[PDB]
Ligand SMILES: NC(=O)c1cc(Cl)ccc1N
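What follows is a single chain, given as structure tokens, in the form solved without the ligand.
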């Protein structure tokens, strides 16, 4: 059974920087179903933890953890909204985050670095910040890990921070 330090109060934070530089105990990749190096976040994850791509292929709506050494990389496959309808894509996006929460719990980590799934090249050309962040919260709220959300856009940083602060 998992125990924490007496001071542990689970938190959310957002940082605008490359998730490959994260200071957390594990990382969530914005993965593609075939386990390819990809682009954007996925390519940064591939450059930093290439060993974690051994047998990382997994279906849309799921997560698969592969260790790089002892450092866990949770490959979470959100839907490409160019291929899915809005209703089906929304369900798969929510499902991918639920699988992340299960993996974070199983691993026993105290913290996790997470990107906003399906907000980059899989967004179908739409702004999906609120949709993706709300599914992240829905899955992660019941976990006790410190969650650090990574983004790259300055306006997105502000909106994510606002959403975090308004629930506190």
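Numbering follows the first chain given and starts at 1.
Between the stretches 154-162 and 12-20, it is 154-162 that shows the larger average CA temperature factor. In this entry, 119-127 shows the higher mean Cα temperature factor of the pair 28-36 and 119-127.
Annotation for residue 89: C-alpha temperature factor in the highest third relative to the rest of the modelled chain, per the entry. Sort the modelled residues of the chain by CA B factor and residue 64 lands in the lowest third. Among the modelled residues of its chain, residue 143 has a C-alpha B-factor that falls in the middle third, as given in the PDB entry. In the deposited entry, the Cα temperature factor of residue 56 sits in the middle third of values across the chain's modelled residues.
Missing here is the form deposited with the ligand bound; even so, the following discussion is about that form.
A residue is said to contact a partner when one of its heavy atoms sits within 4.5 Å of a partner heavy atom; residue 152 meets this definition for the ligand in the deposited bound form.
Mapping the unseen interface onto this chain, residue 17 counts among the residues with a heavy atom inside 4.5 Å of the ligand in the deposited bound form. In the deposited bound form, the ligand sits beyond 4.5 Å of every heavy atom of residue 136. Although the partner is absent here, residue 41 lies within 4.5 Å of the ligand in the deposited bound form, judged by heavy atoms.
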